[PDB]
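To keep things clear, I will list the structure first and then write my remarks on it.
When a ligand or atom number is given, it counts from 1 through the structure's own listing order. The figures that follow rest on heavy atoms only: side chains count, while hydrogens, waters and symmetry mates do not. Throughout, protein chains are lettered first and strands after them, A, B, ... in sequence-line order, and every chain is numbered starting at 1.
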2 protein chains.
Amino acid sequence: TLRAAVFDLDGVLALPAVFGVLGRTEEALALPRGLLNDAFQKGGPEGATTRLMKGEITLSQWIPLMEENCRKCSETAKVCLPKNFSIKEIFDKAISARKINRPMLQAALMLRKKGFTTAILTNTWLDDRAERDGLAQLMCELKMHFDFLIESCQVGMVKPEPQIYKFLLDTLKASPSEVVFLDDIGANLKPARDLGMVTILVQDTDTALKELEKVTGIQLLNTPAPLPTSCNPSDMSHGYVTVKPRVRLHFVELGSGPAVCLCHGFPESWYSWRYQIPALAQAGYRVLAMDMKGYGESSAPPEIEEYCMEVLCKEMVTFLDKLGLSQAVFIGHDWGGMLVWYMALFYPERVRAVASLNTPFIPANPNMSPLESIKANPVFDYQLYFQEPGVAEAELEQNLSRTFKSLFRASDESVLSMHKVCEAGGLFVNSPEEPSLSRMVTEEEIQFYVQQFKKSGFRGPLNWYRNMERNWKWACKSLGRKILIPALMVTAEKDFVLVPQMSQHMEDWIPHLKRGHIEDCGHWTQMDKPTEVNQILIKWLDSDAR
Amino acid sequence: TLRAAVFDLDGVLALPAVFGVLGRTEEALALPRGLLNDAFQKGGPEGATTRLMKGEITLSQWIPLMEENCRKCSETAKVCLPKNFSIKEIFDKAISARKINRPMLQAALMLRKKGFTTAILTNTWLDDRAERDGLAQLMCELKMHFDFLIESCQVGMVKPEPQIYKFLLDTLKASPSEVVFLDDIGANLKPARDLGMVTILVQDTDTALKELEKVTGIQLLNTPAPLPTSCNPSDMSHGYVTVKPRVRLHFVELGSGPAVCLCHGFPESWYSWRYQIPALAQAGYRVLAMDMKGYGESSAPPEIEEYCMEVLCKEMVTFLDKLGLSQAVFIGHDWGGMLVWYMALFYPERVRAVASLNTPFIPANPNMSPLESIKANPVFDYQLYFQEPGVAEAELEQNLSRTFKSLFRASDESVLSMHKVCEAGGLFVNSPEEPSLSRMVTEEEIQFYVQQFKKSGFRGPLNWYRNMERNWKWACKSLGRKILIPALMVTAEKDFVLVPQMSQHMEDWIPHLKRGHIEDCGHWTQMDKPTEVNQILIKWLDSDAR
Ligand SMILES: CSc1ccc(O[C@]2(C)CCN(CC3CC3)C2)cc1
Ligand SMILES: CSc1ccc(O[C@]2(C)CCN(CC3CC3)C2)cc1
């Protein structure tokens with residue numbers, strides 16, 4: 001009975017096999033067959049390559065040794081090496097060409113999700129090349145998805161030596177019969193076979209995966225498209241900045257590159273961006289996912305005025321000041337999307353680019369009070385219910401698990417009408433006490449939101465709605481302005497509150513506005529359609545925001 | 001009696017005055033005198049420039065209006081504008097050319113250090129240009145040094161309108177007679193004068209500063225070179241990463257750009273880098289100043305083995321993994337300098353560049369036990385005193401303020417002989433109970449170290465020394481390697497423990513090694529010689545580490 005899966009790196013988790021370049025180089029250079037693959041394994045156990053693979057020497061110390069082996073092999077072969085020959089040039093190109101074998105990673109991910117312990121066992125080197133980062137980046141990406149990464153150059157042992165297999169079994173805490181071992185080199189497979197492990201010789205990925213599903217009894221081939229990588233809260237870097245004596249802002253941070261500041265809506269969390277964080281960091285950005293003022297680990301002062309847009313925007317600028325950031329790209333959803341348009345209008349020098357999910361940019365109407373504006377739309381009637389301090393807090397704080405389960409649902413799973421909350425006298429009046437679990441969330445994900453809202457409740461979050469007159473007067477100062485910095489509006493077909501048609505006039509105030517649209521997508525855009533949100537954001541970031 | 005100083009931005013805190021470019025452009029283009037300076041102020045109060053300065057319109061909306069004013073002014077002047085004329089091109093260049101007026105900032109810094117409230121009052125705009133970052137960067141740098149920044153485009157008021165001066169006085173909470181106001185425009189000075197404020201018309205900086213010292217009674221001109229900007233712990237972004245179930249690492253983070261990971265020595269803190277953090281961020285780097293394992297807000301497990309170099313280095317790699325960083329440049333001092341060389345030797349793919357202050361790279365001697373090695377040097381005898389668990393902890397924890405005051409001293413202030421700690425039987429035996437305060441530190445800075453060490457004490461920090469045999473065996477694995485990644489060795493003349501001559505053989509293992517040397521510098525390099533450390537590090541970072 002299997003409970004562990006071990007994968008090789010070269011030719012298994014990463015393709016084309018870096019090793020395959022010696023044969024391709026021989027053919028491209030019309031050199032005798034096997035000359036380069038031979039100079040590579042010269043001396044076997046006490047040869048240069050073994051010492052490299054055991055960590056005795058670095059890759060840059062190995063290059064001159066490989067060239068000496070190429071000369072010696074060529075002499076015996078009675079052939080001359082070409083004039084402009086470079087082992088460095090050949091290896092630099094092979095390494096940079098090698099990419100993650102996506103379906104092999106998907107299978108390893110599926111096995112782990114099913115309770116398998118997974119590991120990478122690889123014969124690798126200590127890379128000190130000026131171009132070492134490309135490889136570091138590949139390793140960092142791959143490794144996060146596995147329980148263990150065992151590298152020959154770190155353990156001082158090499159495949160096929162038996163000691164490395166005994167080491168592998170010890171780190172897995174598994175008997176050989178509980179382990180599938182996948183390798184593209186038959187000689188490196190054999191000691192795992194001799195010990196009694198299930199082994200798979202990997203040539204083409206499809207056959208290898210066919211052998212893997214037959215052996216595990218788990219479907220790995222022709223499987224549905226998996227969800228993007230999520231965040232385990234305890235594995236994230238958590239950041240804290242005091243913006244003023246009583247106010248601190250918490251954020252989760254991942255990656256390197258241009259700063260991307262993610263701003264959630266109501267009643268949410270930094271965790272609402274869980275599917276975006278790993279993807280945006282992988283795309284070459286420094287992600288800062290906020291707990292907005294009033295939420296999670298950020299400060300939640302009780303006063304209404306602490307939540308007017310002007311104060312919220314000023315603190316976000318202070319946040320950038322204290323972290324030492326001259327700019328960030330601001331991406332918001334819902335109330336976060338509203339803050340994001342106002343960041344662009346009032347602080348354009350600090351906003352690299354601006355993007356909103358669902359929330360359109362609507363200017364202030366100088367000839368109509370915000371109350372008179374809510375008069376027009378039946379959609380926004382629940383916002384009047386949010387006005388009286390204490391009322392909505394009580395209903396939303398009454399049962400947290402009920403609150404989040406009732407709210408966080410896909411377009412076809414709705415248990416809340418947000419209509420005549422005025423007639424009804426509550427958000428959950430003719431709503432179930434034990435709502436079913438939406439297909440968008442796990443019970444675990446609901447309990448995270450439940451745990452976050454236990455600290456401060458709903459006062460701070462609901463106060464974002466209690467600044468109508470203040471926000472209107474402040475917004476009226478920007479009536480002569482235009483948003484001329486790079487901007488993205490992402491509409492959601494099935495958001496029945498923030499409908500796509502509400503964004504129809506945006507081009508009048510944002511002429512160069514770029515757009516995205518998600519079909520069959522409800523209000524909770526990030527978790528409803530994560531794959532498409534990621535595709536839209538990454539494409540726009542790489543084109544419009546450095 | 002003065003207690004507040006107010007400075008203008010253009011022509012006062014930043015030079016050359018962006019305004020001065022209209023006259024320079026006129027002369028360079030042989031256009032009628034004042035034509036451009038005239039089109040700039042066309043319409044006065046309801047003209048385009050006032051609306052821009054009040055925040056009614058953005059800089060990009062203003063450019064076309066300025067061009068229209070240039071045409072109208074040219075028509076009246078009976079002159080034709082040149083063929084390739086561009087207001088954008090002219091203003092882009094003027095803004096990028098304008099730099100901080102360093103001696104004016106120094107004077108504002110000195111006044112604030114003396115208890116003055118300082119402010120910037122400026123007529124500025126909402127910059128939405130594709131090149132807005134250069135200006136954002138200048139504002140972010142300047143603003144941090146002042147109590148208030150008042151911008152016309154944010155307050156919707158403009159100099160010379162009287163309302164802005166009343167607003168200034170209200171934000172300062174000062175009566176006009178308590179305020180010096182410095183401006184380069186006479187018309188903008190007058191309302192402050194009418195109200196009774198001390199005013200200074202600024203033409204050349206020297207005369208302006210002469211007027212300022214006469215008026216404040218504080219020397220601001222010909223003053224000594226000030227210390228680099230330090231860190232106020234409560235104004236920093238604090239980060240936390242769990243590297244394993246029982247271990248979390250704390251760090252302070254500032255800036256954007258390539259990641260620079262700062263690693264302190266014994267018995268120190270992230271705060272030991274206080275003079276480096278603002279300078280390195282200002283230089284275009286993302287600074288991550290660690291609390292090393294066993295220190296400050298980082299975890300301090302009790303076990304000795306938790307502090308062997310192998311485990312310490314593995315956790316630093318995990319730290320990079322969890323933050324999503326493929327690399328960082330590693331800069332270490334003392335024990336941090338030792339970790340930094342080993343990071344380069346074992347994880348070169350993760351180390352962008354490596355730099356050490358004081359600590360040389362010394363390879364393991366395979367023919368000598370670490371005890372036998374301490375036998376040779378009388379210098380390292382105190383390390384034998386550190387071996388027995390509980391002994392040094394008691395003496396160092398006995399009186400914290402005494403511990404740090406006795407240790408943290410310049411080369412000429414030494415109260416500790418670290419000799420015959422074996423003969424003496426303690427680190428502080430013939431040492432004063434109330435050591436004087438070293439010129440390197442304030443009482444406040446000592447109390448920060450005192451407060452940090454109250455959490456975990458000296459067990460974790462002293463455990464870094466209790467892994468001699470383990471570190472030696474691990475280091476012996478790297479005996480065939482060379483450090484071939486960019487490296488910097490910074491020696492300190494007066495460090496009597498980590499002497500410069502101890503670094504003499506480094507080139508044998510690091511051939512491309514770069515060097516720096518600080519004269520009249522003791523062991524506490526960062527606070528002993530901050531200005532020079534910063535100059536050496538920034539120069540090396542800009543040349544060798546992206
Ligand atoms: C007058 S412009 C405006 C419109 C809506 C608004 O509030 C929201 C952004 C809309 C939906 N609501 C969140 C509910 C959980 C769905 C917050 C705030 C301002
Ligand atoms: C065998 S190579 C070696 C040498 C020294 C060493 O320890 C230090 C880095 C030297 C000074 N000591 C800090 C004292 C407060 C001054 C730590 C560790 C290893």
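- Contact annotation for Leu407(B) and ligand 2: no heavy atom of the residue comes within less than 4.0 Å of the ligand.
- The side chain to side chain donor-acceptor pair (under 3.5 Å) with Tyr449(A) is formed by just one residue from the set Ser269(A), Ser401(A), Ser272(A); it is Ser272(A).
- Among pairs with a residue in residues 365-374 of chain B, those fulfilling side chain to side chain donor-acceptor pair (under 3.5 Å) read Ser369(B)-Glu372(B), at least two apart in sequence or across chains.
- Among all non-hydrogen protein atoms, the one lying nearest atom 1 (C) of ligand 1 is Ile374(A) CD1, 4.8 Å.
- The salt bridge (charged side-chain N to carboxylate O under 4.0 Å, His left out) pairs that include a residue from residues 488-509 of chain B are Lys494(B)-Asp520(B), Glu507(B)-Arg515(B), where partners are two or more places apart or lie in different chains.
- Residue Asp334(A) holds the heavy atom nearest to atom 8 (C) of ligand 1 of all those in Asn471(A), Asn377(A), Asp334(A), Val379(A).
- Of the protein's non-hydrogen atoms, the one nearest atom 3 (C) of ligand 2 is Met338(B) SD, 4.3 Å.
- Remark: among candidates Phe380(B), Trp472(B), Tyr465(B), the nearest residue to atom 14 (C) of ligand 2 is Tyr465(B), based on non-hydrogen atoms.
- Each of the atoms 2 (S) of ligand 2 lies under 4.0 Å from some heavy atom of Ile362(B).
- If you check which protein heavy atom lies closest to atom 16 (C) of ligand 1, you get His523(A) NE2, 3.5 Å.
- At a threshold of 4.0 Å, the pair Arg274(A)-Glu445(A) counts as salt-bridged, since one of the basic side-chain nitrogens sits closer than that to a carboxylate oxygen.
- With hydrogens left out, the protein atom closest to atom 15 (C) of ligand 1 is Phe266(A) O, 3.4 Å, a heavy atom.
- Using a 4.0 Å heavy-atom cutoff, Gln383(A) is listed among the residues neighbouring ligand 1.
- The option from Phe386(B), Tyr382(B), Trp335(B), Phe408(B) that lies nearest to atom 11 (C) of ligand 2, judged by heavy atoms, is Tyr382(B).
- In summary, the side chains of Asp334(B) and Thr359(B) do not present any donor paired with an acceptor at a separation below 3.5 Å, with no hydrogens or angles considered.
- A salt bridge does not link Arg466(B) with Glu305(B): every distance from a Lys NZ or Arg NE/NH1/NH2 to an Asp or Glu carboxylate oxygen is 4.0 Å or more.
- Side-chain polar atoms of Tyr385(A) and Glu395(A) form a donor-acceptor pair below 3.5 angstrom.
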